[PDB]
Amino acid sequence: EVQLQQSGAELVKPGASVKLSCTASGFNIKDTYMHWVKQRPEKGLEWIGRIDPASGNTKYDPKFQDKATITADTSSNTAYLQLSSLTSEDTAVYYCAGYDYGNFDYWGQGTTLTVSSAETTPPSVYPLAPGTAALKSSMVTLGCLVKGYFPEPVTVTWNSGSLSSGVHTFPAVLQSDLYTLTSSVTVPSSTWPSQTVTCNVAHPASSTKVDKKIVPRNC
Amino acid sequence: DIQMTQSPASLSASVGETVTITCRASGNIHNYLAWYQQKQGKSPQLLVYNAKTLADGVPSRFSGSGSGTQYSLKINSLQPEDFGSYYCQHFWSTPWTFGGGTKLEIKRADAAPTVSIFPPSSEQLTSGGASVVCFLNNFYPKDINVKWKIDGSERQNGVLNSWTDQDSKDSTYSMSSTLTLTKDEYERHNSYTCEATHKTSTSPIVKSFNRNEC
């Protein structure tokens, strides 16, 4: 039927420029306005602007006036978003939508744009062992810091898959060009450090797969 | 040139309850207002356009109203699939601004977080870095703030916080707070603590370890 196909993730570095595409089928883009909407990680939708393919007319939110240039090619039923002078502020999901005043409202899958100077780095997986007033409880929590890698993703497991719950793997956060994530695990104090506990992370992009036993500090 | 002020930023409800989200335009929009629904990990979808006309495939438990500057989205019999985010958007004048959004979540009983602090790993010390981690798990509601103190003095730079979505099984929330220091600094200090501030207490839930007191 109708579909707006947007590029998959696009990786770019600070200062660079990117032109996202939005290809439409099932309708002619001249019959509506083509919009571009930004959404930073766990934040709200922000209307960037739109284009009226037919007339070429474009409108923008003054916030994006100097950053965005939206264009359209009716010949190919496609709309573009040209973002310039990329900053870490530009990392987000960029949606293209086709709509104007009525029920005709369709959205693309979103293009997640990541802005980083970084190059494909492997993660440093360190084991998180307890500050005791919590081992001293019915259950104890342990973890693993999966620090300094790029780009996403990574997968994490505990005791190879024998520890599936009492687990919380936190979403990754890109700071100073690199990501970092954590995973927590709760087992009874009768089950550690008597029996063992190990986390296993994997970052396909570095071809890295490590394992790490949590051992008590001198405590 | 008009902005929309959406409320509440967060709504906790149960299955079956009735609920309303409101958006007030900072100017008159003549009912040129639309409501969007955005599920976890999906694209926004039109719910209501022109303040009151339901969009394609939108059920009847949904309804929009108002005029001029105050609009409301109501969901009569909350169904499990309604949980997610809602956003209003005016299409009166350029720019077609979105309201800040509302996160509709599953309400349950309050639950204080289980806080756990972890000193740097020796494999990290060996490398020159020293990260202190605090896990504050299974709390409710989702509002929470953590602050790190190194020997009593608060520290703001070098903190990486991360939060999970509402748990599918128990509906709680969880947070991770990493304090990244260099081994240099980590070794010329002793007390390291992280204080959780949550609605279940007037005092912060605090955890801490002393570097040489082991």
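Residues numbered from 1 in each chain as written, not as in the entry; some residues may be left out. Chains lettered and ligands numbered in written order. Heavy atoms only, no water.

As documented in the archive entry, the model was determined using X-ray crystallography at 2.26 Å resolution.

J.: When you look at the overall build of chain A in this model, what are you seeing that I'm missing?
T.: Within chain A, the secondary structure is distributed over 0 helices and 18 strands. Taken over the C-alpha trace, chain A has a radius of gyration of 23 Å; the compact-globule value for 219 residues is 17 Å, which it surpasses by more than 25%. Summarising its shape, the C-alpha atoms of chain A cover approximately 75 × 35 × 30 Å along the three principal directions. In chain A, which comprises 219 residues, the share counted as buried stands at 47%. Counting only contacts in chain A whose residues sit at least 6 apart along the sequence, the fraction spanning at least 24 positions is 58%. For chain A, the accessible area works out to roughly 9800 Å², and carbon and sulfur atoms hold 47% of it. Distance between charge centroids for chain A: 12 Å, based on 16 positive and 17 negative side chains. (Helix = DSSP H or I, 4+ residues; strand = E, 2+ residues; numbered from the N terminus. Rg over C-alpha atoms; globule rule 2.2 N^0.38 Å. Buried < 20%, exposed > 50% of the residue type's maximum accessible area, 1.4 Å probe, protein only. Contact = heavy atoms within 4.5 Å. Areas by Shrake-Rupley, 256 points an atom, 1.4 Å probe, with all protein chains shown as cover. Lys, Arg positive; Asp, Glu negative; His and termini not counted. Charge placed at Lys NZ, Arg CZ, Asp CG, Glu CD.)

J.: Would you take a moment to explain the sheet that holds strand β14 (residues 153–155) of chain B for this structure?
T.: Paired through backbone hydrogen bonds, the strands of a sheet run either parallel or antiparallel to each other. Residue and element names in this part refer to chain B. Within the open sheet, the 4 strands sit side by side as β14-β13-β17-β18. Their pairing is antiparallel. The open sheet has two edge strands with one neighbour each: β14 and β18 (205–210). Direction aside, neighbouring strands of the sheet carry axes that sit 30° apart on average. Sheet topology places strand β13 (residues 145–150) next to β14; 3 bridges connect them, and they run antiparallel. Residue pairing for β14: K149 is matched across the bridge by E154. (Pairing = 2+ DSSP bridges. Axes fitted to C-alpha atoms, helices over the stretch in contact; angles between N-to-C directions.)

J.: Which parts of the structure should I look at to understand the sheet that holds strand β16 (residues 173–182) of chain B?
T.: All names here are of chain B. The strand order β11-β12-β16-β15 describes an open sheet built from 4 strands, whose pairing is antiparallel. Of all the strands in the sheet, the pair left with one neighbour each is β11 (114–118) and β15 (159–163). With direction set aside, neighbouring strand axes in the sheet form an average angle of 10°. Examined bridge by bridge, strand β12 (residues 129–139) and β16 share 9 bridges and lie antiparallel to one another. Bridge pairing in β16 places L136 opposite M175.

J.: Help me understand the interface of chain B and chain A in this model?
T.: Interfaces are often sized by the accessible area lost when the parts come together. Across the boundary between the two partners, chain B contributes 49 residues, which contact 50 residues of chain A. Across the interface of chain B and chain A, roughly 3900 Å² is buried in total on both sides, 60% from carbon and sulfur atoms. Run the count over chain B and chain A and you get 1 salt bridge. The salt bridge involving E123 of chain B is made with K212 of chain A; its shortest N-O contact spans 3.6 Å. On inspection of chain B and its partner chain A, the count reaches 14 residue pairs in polar contact. (Buried area = accessible area lost by both parts, 1.4 Å probe. Salt bridge = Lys/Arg side-chain N within 4 Å of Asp/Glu carboxyl O. Polar contact = N/O pair within 3.5 Å; in protein donor to acceptor, adjacent residues only side chain to side chain.)

J.: What am I meant to see in the UniProt feature "disulfide bond" in chain B here?
T.: Residues and elements named next belong to chain B. At 2.0 Å between sulfur atoms, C23 and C88 form the disulfide that UniProt records. Here the residue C23 occupies a position in strand β3 (residues 19–25), and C88 occupies one in strand β9 (residues 84–90), the gap between them amounting to 65 residues. The exposure class assigned to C88 is buried, which follows from its relative accessible area of 0%. (Disulfide = S-S within 2.5 Å. UniProt positions renumbered as here; feature names shortened; annotations may be inferred.)

J.: For this particular structure, what's the right way to read the state of the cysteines?
T.: Any covalent bond linking the sulfur atoms of two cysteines counts as a disulfide. All names here are of chain B. Summed over all chains, the structure comprises 5 disulfides over all chains. There is a disulfide in this structure between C23 and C88, and the S-S distance comes to 2.0 Å. Because the torsion about its S-S bond is -90°, the bridge between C23 and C88 counts as left-handed. Between the sulfur atoms of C134 and its disulfide partner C194 the distance amounts to 2.0 Å. Taking the torsion about the sulfur-sulfur bond, which here is approximately -100°, the covalent link between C134 and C194 counts as left-handed. With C134 in strand β12 and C194 in strand β17 (residues 191–197), the pair connects residues that are 60 residues apart, well separated along the chain. Under the relative-accessibility criterion, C134 is labelled buried at 0%.

J.: It is not clear to me how the nonpolar core should be interpreted in this structure. Could you clarify?
T.: One recurring pattern in soluble globular proteins: nonpolar side chains tend to sit buried together. Among the nonpolar cores identified, the biggest contains 41 residues, and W35, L73, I75, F98 and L104 of chain B are the most heavily contacted of them. Of all the secondary-structure elements, those providing two or more residues to this core are β5 (45–51) and β9 (92–99) of chain A together with β2 (10–13), β3, β4 (33–38), β5 (45–49), β8 (70–75) and β9 of chain B. Apart from the residues within four sequence positions on either side, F98 of chain B is in contact with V37, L45, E46, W47, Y99 and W107 of chain A together with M4, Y36, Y87, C88 and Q89 of chain B. One finds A24, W36, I51 and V115 of chain A within the second-largest nonpolar core, a separate group that totals 25 residues. (Core = buried A, V, L, I, M, F, W, Y, C linked by side-chain atoms within 4.5 Å.)

J.: Just checking my understanding: could you explain the pairing of β9 of chain B for this structure?
T.: Along a regular strand, successive side chains alternate from one face of the sheet to the other. Residues and elements named next belong to chain B. The element β9 is largely enclosed, with a buried count of 7 among its 7 residues. As judged from the 6 bridges shared by β4 and β9, these two strands associate in the antiparallel manner. Residue pairing in the sheet places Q37 in a bridge with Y86 of β9. Summarising the sheet, β9 and strand β10 (residues 102–106) pair through 3 bridges and their orientation is antiparallel. Of the residues in β10, the one forming a bridge with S85 is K103.

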